[PDB]
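Visitor: Shown below is the structure under consideration.
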Amino acid sequence: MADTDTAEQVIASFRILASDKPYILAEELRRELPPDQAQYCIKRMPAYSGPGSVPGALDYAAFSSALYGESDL
Amino acid sequence: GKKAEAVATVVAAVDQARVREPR
């Protein structure tokens with residue numbers, strides 16, 4: 001809605017699941033995303049990357065770029 | 001309705017990368 005660009009859509013969509021957060025927790029994807037989706041994603045998004053992060057945060061923004069862009073080809 | 005729509009986008013995007021998974 002307020003954003004659109006394939007990669008931006010996933011970030012805006014993930015932000016909603018993480019509850020207005022620059023990162024998402026593994027447990028959140030398990031209860032917010034099909035158990036199978038949380039496990040697969042929890043692997044893509046590296047270990048978040050913020051200043052006031054938390055003990056167990058993940059960055060879906062890094063994973064979004066890989067889904068629509070992985071290695072040059 | 002707003003949150004469910006976001007999950008559809010994340011799930012749809014997740015299935016895209018999964019399609020690249022052999023059997």
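Ligands are numbered from 1 in the order shown, residues from 1 within each chain, and chains are lettered A, B, ... in the order they appear in the structure tokens.
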Just want the 8 Å neighbourhood of stretch 11-22 of chain B, counted on only C-alpha atoms, with same-chain residues fewer than 3 positions away dropped. Output as a list in words.

Guide: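 Close residues of stretch 11-22 of chain B: residues 10, 33, 37, 41 and 67 of chain A; 7 and 8 of chain B.
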
Visitor: Now that the selection is made, can you save its residues with C-alpha atoms as a PDB file, in the first residue's frame?

Guide:
```pdb
ATOM      1  CA  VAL A  10       8.724  -7.905   1.517  1.00  0.00           C
ATOM      2  CA  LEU A  33       4.464 -17.767   9.415  1.00  0.00           C
ATOM      3  CA  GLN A  37       8.301 -20.700   6.338  1.00  0.00           C
ATOM      4  CA  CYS A  41      13.549 -17.751   6.318  1.00  0.00           C
ATOM      5  CA  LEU A  67      15.142 -13.721  -3.199  1.00  0.00           C
TER       6      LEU A  67
ATOM      7  CA  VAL B   7       1.825 -12.804   5.363  1.00  0.00           C
ATOM      8  CA  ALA B   8       0.550 -13.576   1.846  1.00  0.00           C
TER       9      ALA B   8
END
```

Visitor: Find the residues around residue B:10 up to 12 Å (only C-alpha atoms counted), leave out those fewer than 6 positions away in its own chain, and share them as a ChimeraX atom specification.

Guide: /A:6-18,29,32-34,37-38,40-41,60-61,63-64,67 /B:3-4,16-17

Visitor: Give me every alpha helix (DSSP H) residue in chain A, going by DSSP on the backbone, as a PyMOL selection string.

Guide: chain A and resi 7-17+26-32+35-44+60-67
